[PDB]
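> Below is a structure I'd like to ask you about.
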Amino acid sequence: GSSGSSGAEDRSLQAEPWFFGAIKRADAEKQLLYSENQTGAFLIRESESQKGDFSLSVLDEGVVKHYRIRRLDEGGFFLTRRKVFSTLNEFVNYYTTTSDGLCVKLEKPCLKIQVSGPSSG
């Protein structure tokens, strides 16, 4: 249950749909388990326990696969040593094509349910 958490290196990410600032598996799940969303719906959030770290929550037939997004010291973000990206952008822009290793291929970014206030972007 989240209200409004935001704060990442690239403020621009705030516009990204799959991006949900810093939320908990619970908040992210409810979003994935949603109806409108189907197998493929993904969303990255900022680890709660630790700062900076991210988590890629993807939906696969009602199931939420939590993928720990690790970061390097020379690169940026990477879900699998096999491949590495620079920003959350190129992170999804790639997989979106194929699910190399991933249980499922990223189809579309999760939705953004409004809790308090109108919509904007």
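Naming scheme: A, B, ... for chains in displayed order of the structure tokens; residues 1 onward per chain; ligands 1 onward as shown.
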Write out as a list in words the residues lying within 10 Å of residue A:51, counting only C-alpha atoms and excluding same-chain residues fewer than 3 positions away.

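Using only C-alpha atoms, the neighbours found are residues 8, 22, 46, 47, 48 and 54 of chain A.
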
> At a cut-off of 12 Å, using only C-alpha atoms, what residues contact residue A:10? Leave out same-chain residues fewer than 5 positions from it and give the result as an mmCIF file with N, CA and C atoms, in the first residue's frame.


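Printed below is selection-v2.cif as written:
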data_model
loop_
_atom_site.group_PDB
_atom_site.id
_atom_site.type_symbol
_atom_site.label_atom_id
_atom_site.label_comp_id
_atom_site.auth_asym_id
_atom_site.auth_seq_id
_atom_site.Cartn_x
_atom_site.Cartn_y
_atom_site.Cartn_z
ATOM 1 N N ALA A 15 8.441 10.018 -15.561
ATOM 2 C CA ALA A 15 7.462 9.969 -16.639
ATOM 3 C C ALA A 15 7.219 8.533 -17.095
ATOM 4 N N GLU A 16 8.260 7.710 -17.026
ATOM 5 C CA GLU A 16 8.158 6.313 -17.432
ATOM 6 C C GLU A 16 6.998 5.623 -16.719
ATOM 7 N N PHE A 19 7.883 2.668 -14.541
ATOM 8 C CA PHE A 19 8.602 3.167 -13.373
ATOM 9 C C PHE A 19 7.630 3.609 -12.284
ATOM 10 N N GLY A 21 8.668 4.871 -8.920
ATOM 11 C CA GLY A 21 9.510 5.343 -7.836
ATOM 12 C C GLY A 21 9.942 4.226 -6.907
ATOM 13 N N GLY A 52 18.718 2.833 -4.052
ATOM 14 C CA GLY A 52 19.442 2.699 -5.304
ATOM 15 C C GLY A 52 19.038 1.459 -6.076
ATOM 16 N N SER A 86 22.592 0.455 -19.292
ATOM 17 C CA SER A 86 23.074 1.687 -18.679
ATOM 18 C C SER A 86 21.991 2.323 -17.813
ATOM 19 N N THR A 87 20.806 2.490 -18.391
ATOM 20 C CA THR A 87 19.684 3.088 -17.676
ATOM 21 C C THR A 87 18.438 2.217 -17.778
ATOM 22 N N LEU A 88 17.544 2.353 -16.804
ATOM 23 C CA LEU A 88 16.308 1.577 -16.787
ATOM 24 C C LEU A 88 15.645 1.577 -18.160
ATOM 25 N N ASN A 89 15.925 2.613 -18.946
ATOM 26 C CA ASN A 89 15.356 2.731 -20.284
ATOM 27 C C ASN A 89 15.834 1.595 -21.181
#

> Which polymer residues have any atom within 12 Å of an atom of residue A:41, counting only C-alpha atoms, with same-chain residues fewer than 5 positions away left out, as a ChimeraX atom specification?

/A:17-19,28-36,56-65,92,96,104-112

> If you keep N, CA, C and O atoms, can you produce a file of those selected residues as a compact mmCIF listing (two decimals), in the first residue's frame?


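Final output, out38.txt:
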# COMPACT_ATOMS: atom_id res chain seq x y z
N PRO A 17 6.17 4.91 -17.49
CA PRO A 17 5.01 4.19 -16.96
C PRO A 17 5.41 2.99 -16.12
O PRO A 17 4.90 2.79 -15.02
N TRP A 18 6.34 2.19 -16.64
CA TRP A 18 6.81 1.00 -15.93
C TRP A 18 7.56 1.39 -14.66
O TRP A 18 7.84 0.54 -13.81
N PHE A 19 7.88 2.67 -14.54
CA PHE A 19 8.60 3.17 -13.37
C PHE A 19 7.63 3.61 -12.28
O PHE A 19 6.71 4.38 -12.54
N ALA A 28 3.36 -3.05 -5.88
CA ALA A 28 3.69 -3.45 -7.25
C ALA A 28 2.80 -4.60 -7.71
O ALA A 28 2.31 -4.61 -8.83
N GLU A 29 2.61 -5.58 -6.83
CA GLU A 29 1.78 -6.74 -7.15
C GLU A 29 0.37 -6.32 -7.53
O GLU A 29 -0.06 -6.49 -8.67
N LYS A 30 -0.35 -5.76 -6.56
CA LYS A 30 -1.72 -5.30 -6.79
C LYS A 30 -1.86 -4.68 -8.18
O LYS A 30 -2.90 -4.80 -8.82
N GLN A 31 -0.80 -4.02 -8.64
CA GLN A 31 -0.81 -3.38 -9.95
C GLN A 31 -0.72 -4.42 -11.06
O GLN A 31 -1.41 -4.31 -12.08
N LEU A 32 0.13 -5.42 -10.86
CA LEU A 32 0.30 -6.48 -11.85
C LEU A 32 -0.90 -7.42 -11.86
O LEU A 32 -1.47 -7.70 -12.92
N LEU A 33 -1.28 -7.89 -10.68
CA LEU A 33 -2.42 -8.80 -10.56
C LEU A 33 -3.68 -8.17 -11.14
O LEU A 33 -4.66 -8.87 -11.42
N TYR A 34 -3.65 -6.86 -11.34
CA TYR A 34 -4.79 -6.14 -11.89
C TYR A 34 -5.38 -6.89 -13.08
O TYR A 34 -4.77 -7.82 -13.61
N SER A 35 -6.58 -6.48 -13.49
CA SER A 35 -7.26 -7.12 -14.62
C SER A 35 -6.74 -6.57 -15.94
O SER A 35 -6.09 -7.29 -16.71
N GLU A 36 -7.03 -5.30 -16.21
CA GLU A 36 -6.59 -4.66 -17.44
C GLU A 36 -5.23 -5.19 -17.88
O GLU A 36 -4.98 -5.39 -19.07
N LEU A 56 12.46 -5.50 -10.89
CA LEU A 56 11.59 -5.62 -12.06
C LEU A 56 10.47 -6.63 -11.81
O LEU A 56 10.70 -7.84 -11.84
N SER A 57 9.27 -6.12 -11.57
CA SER A 57 8.12 -6.97 -11.32
C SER A 57 7.31 -7.19 -12.59
O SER A 57 6.66 -6.28 -13.10
N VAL A 58 7.36 -8.42 -13.11
CA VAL A 58 6.63 -8.76 -14.33
C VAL A 58 5.51 -9.75 -14.04
O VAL A 58 5.63 -10.59 -13.15
N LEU A 59 4.43 -9.65 -14.80
CA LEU A 59 3.28 -10.54 -14.63
C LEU A 59 3.32 -11.68 -15.64
O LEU A 59 3.51 -11.45 -16.84
N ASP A 60 3.14 -12.90 -15.16
CA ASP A 60 3.15 -14.08 -16.02
C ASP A 60 1.99 -15.01 -15.68
O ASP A 60 2.17 -16.00 -14.98
N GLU A 61 0.81 -14.69 -16.19
CA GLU A 61 -0.38 -15.50 -15.94
C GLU A 61 -0.88 -15.29 -14.52
O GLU A 61 -1.29 -16.24 -13.85
N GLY A 62 -0.86 -14.05 -14.06
CA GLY A 62 -1.32 -13.74 -12.72
C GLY A 62 -0.21 -13.85 -11.69
O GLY A 62 -0.39 -13.48 -10.53
N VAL A 63 0.95 -14.35 -12.11
CA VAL A 63 2.09 -14.50 -11.22
C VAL A 63 3.04 -13.31 -11.34
O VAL A 63 3.27 -12.80 -12.43
N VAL A 64 3.59 -12.89 -10.21
CA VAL A 64 4.52 -11.77 -10.18
C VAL A 64 5.95 -12.24 -9.97
O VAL A 64 6.31 -12.69 -8.88
N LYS A 65 6.77 -12.14 -11.01
CA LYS A 65 8.17 -12.55 -10.93
C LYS A 65 9.06 -11.39 -10.51
O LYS A 65 9.27 -10.45 -11.27
N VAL A 92 14.65 -2.01 -20.41
CA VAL A 92 13.37 -2.54 -20.87
C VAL A 92 13.28 -2.52 -22.39
O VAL A 92 12.67 -3.40 -23.01
N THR A 96 12.16 -6.13 -24.04
CA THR A 96 10.92 -5.96 -24.77
C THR A 96 10.93 -6.78 -26.06
O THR A 96 9.90 -7.30 -26.49
N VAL A 104 9.42 -14.56 -19.05
CA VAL A 104 8.55 -14.03 -20.08
C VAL A 104 9.13 -12.76 -20.70
O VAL A 104 9.99 -12.11 -20.11
N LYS A 105 8.65 -12.42 -21.89
CA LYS A 105 9.12 -11.23 -22.60
C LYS A 105 8.27 -10.02 -22.24
O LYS A 105 7.04 -10.09 -22.24
N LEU A 106 8.94 -8.91 -21.94
CA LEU A 106 8.24 -7.68 -21.58
C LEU A 106 7.37 -7.19 -22.74
O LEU A 106 7.88 -6.76 -23.77
N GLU A 107 6.06 -7.25 -22.55
CA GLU A 107 5.12 -6.81 -23.58
C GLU A 107 4.82 -5.32 -23.44
O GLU A 107 5.23 -4.51 -24.28
N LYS A 108 4.11 -4.95 -22.38
CA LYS A 108 3.76 -3.56 -22.13
C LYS A 108 3.92 -3.22 -20.65
O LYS A 108 3.81 -4.07 -19.77
N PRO A 109 4.20 -1.93 -20.37
CA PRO A 109 4.38 -1.44 -19.00
C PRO A 109 3.07 -1.44 -18.21
O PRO A 109 2.01 -1.14 -18.75
N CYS A 110 3.16 -1.78 -16.93
CA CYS A 110 1.99 -1.81 -16.06
C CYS A 110 1.24 -0.49 -16.10
O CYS A 110 1.77 0.52 -16.58
N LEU A 111 0.02 -0.49 -15.60
CA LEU A 111 -0.81 0.72 -15.58
C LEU A 111 -0.51 1.56 -14.34
O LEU A 111 0.19 1.11 -13.43
N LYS A 112 -1.04 2.77 -14.31
CA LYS A 112 -0.84 3.67 -13.18
C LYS A 112 -2.18 4.08 -12.57
O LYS A 112 -2.82 5.03 -13.03

> Using only C-alpha atoms, determine which residues lie at most 10 Å from residue A:115, disregarding the query and same-chain residues fewer than 2 positions distant; provide the list as a list in words.

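The filter keeps residues 2, 3, 4, 112, 113, 117 and 118 of chain A.
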
> Just the selected residues (N, CA and C atoms), exported as an mmCIF file, in the first residue's frame, please.


data_model
loop_
_atom_site.group_PDB
_atom_site.id
_atom_site.type_symbol
_atom_site.label_atom_id
_atom_site.label_comp_id
_atom_site.auth_asym_id
_atom_site.auth_seq_id
_atom_site.Cartn_x
_atom_site.Cartn_y
_atom_site.Cartn_z
ATOM 1 N N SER A 2 0.967 1.887 -1.164
ATOM 2 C CA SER A 2 1.754 3.107 -1.296
ATOM 3 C C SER A 2 0.856 4.308 -1.571
ATOM 4 N N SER A 3 1.365 5.501 -1.277
ATOM 5 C CA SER A 3 0.608 6.729 -1.488
ATOM 6 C C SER A 3 1.234 7.568 -2.597
ATOM 7 N N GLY A 4 2.535 7.815 -2.482
ATOM 8 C CA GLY A 4 3.234 8.604 -3.480
ATOM 9 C C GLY A 4 4.720 8.712 -3.198
ATOM 10 N N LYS A 112 -1.045 2.774 -14.310
ATOM 11 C CA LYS A 112 -0.842 3.675 -13.183
ATOM 12 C C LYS A 112 -2.177 4.085 -12.566
ATOM 13 N N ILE A 113 -2.587 3.369 -11.524
ATOM 14 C CA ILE A 113 -3.843 3.662 -10.845
ATOM 15 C C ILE A 113 -3.729 4.924 -9.998
ATOM 16 N N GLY A 117 -5.820 12.563 -6.578
ATOM 17 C CA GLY A 117 -5.464 13.590 -7.539
ATOM 18 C C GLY A 117 -5.709 13.156 -8.970
ATOM 19 N N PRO A 118 -5.771 14.132 -9.887
ATOM 20 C CA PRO A 118 -6.001 13.868 -11.310
ATOM 21 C C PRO A 118 -4.810 13.186 -11.975
#

> Based on DSSP run over this structure's backbone, return all residues of stretch 43-103 of chain A in strand (DSSP E or B), as a PyMOL selection string.

chain A and resi 43-46+54-59+64-71+77-80+83-85

> Which one is closest to residue A:26: A:66, A:93, A:13, A:53? Count only C-alpha atoms.

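The closest residue to residue A:26 is A:66.
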
> Give me every alpha helix (DSSP H) residue in chain A, going by DSSP on the backbone, as number ranges by chain.

A: 25-32, 88-95

> Have a look at atom CA of residue A:43 and atom CA of residue A:55 and let me know their distance in Å, one decimal.

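Separation between atom CA of residue A:43 and atom CA of residue A:55: 8.1 Å.
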
> Find the residues near residue A:80: any atom within 10 Å, counting only C-alpha atoms, skip ones fewer than 2 places away on the same chain, and give them as a list in words.

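Counting only C-alpha atoms, the residues come to residues 67, 68, 69, 70, 77, 78, 82, 83, 84, 85, 100, 101 and 102 of chain A.
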
> Could you please determine the separation between atom CA of residue A:99 and atom CA of residue A:39 in Å, to one decimal place?

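Answer for the atom CA of residue A:99 to atom CA of residue A:39 separation: 12.9 Å.
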
> Measure the distance from atom CA of residue A:45 to atom CA of residue A:23 in Å and round it to one decimal.

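Spanning atom CA of residue A:45 to atom CA of residue A:23 is a straight-line distance of 5.9 Å.
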